[PDB]
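Beneath this line is the structure, given in structure tokens, with notes to follow.
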């Protein structure tokens, strides 16, 4: 039995991994299984760092997989990440909850941390960028990475600020949140080559939708527009 934030993070983090793994000629399907041998995890880190990790071992025994995951974890540690709750054995053994936490760590370090706006970095910097870009939209008030995005208007406003032809902003009503959210999600996919990472119903019906999932997707817009 699972949580809503858990279904949110699995969809989102899988789609995010795939938005990078596609540049290296592969995809994952099931985040609970497809990183257990460490190969696609090294691949992911090569794509998002623009660097190369130590040669992977493809011998199919457990010890090689543990070795591959430890290289990945060493590469993350080398970029300044203090890994705490996670270890290579439990990843290879398919600790799905731990594997989700490791992917968040990678998203935070490689997609969010280096964002810097007006002497403000990482999550806070990304939020300030959203605030700046959505300033002139009177029916938008970005104050967080959760409820502020629930009605779909902020997503649409972000796109429209950069690419006004993609969004007919005046059609969008505040009390029509699922239409707004899907509209943004569809435009981002078709036109900005940002794959869908969120589910509209999960966003609307959760008092506070998952801010890691929203941060992940929004970080993709920051990089698409930079």
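What to note about this one:
- In the chain, Cα pairs under 8 Å separated by at least six residues give a relative contact order of 20 percent.
- Placing pseudo-labels 7 Å out from each Cα toward the beta carbon at residue 82 and residue 223 gives an inter-label distance of 2.6 nm.
- In the chain, helices alone account for a calculated mean residue ellipticity at 222 nm of -17000 deg cm²/dmol, with every DSSP H run of four or more residues adding -39,500 (n - 2.57).
- At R0 = 25 Å, FRET efficiency that the Cβ-Cβ distance of residue 49 and residue 196 yields, to 0.05: 0.50
- Gain on full stretching of the segment that runs from residue 114 to residue 24 - 0.36 nm per residue minus C-alpha separation: 30.1 nm
- Between the beta carbons of residue 178 and residue 7, assuming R0 = 30 Å, the FRET efficiency works out to 0.95 to the nearest 0.05.
- Within a Gaussian network of the chain (alpha carbon springs, distance under 10 Å), most fluctuating of 193, 170, 93: 170
- Calculated FRET value between residue 207 and residue 163, using beta carbons and R₀ = 35 Å, to 0.05: 0.65
- Relative contact order computed over region 116-226 (Cα-Cα under 8 Å; 6+ residues apart), in percent: 22
- Projected label distance in nm at residue 60 and residue 121, using a 7 Å step from Cα toward the beta-carbon: 4.5
- Sequence-separation-based contact order of region 1-115, relative, with Cα cut under 8 Å and 6+ spacing, percent: 26
Each value in this text was obtained by applying a stated rule to the coordinates, not by laboratory testing. No Cβ is skipped: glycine too gets one built from the backbone with ideal geometry, and neighbour counts run over all protein chains shown.
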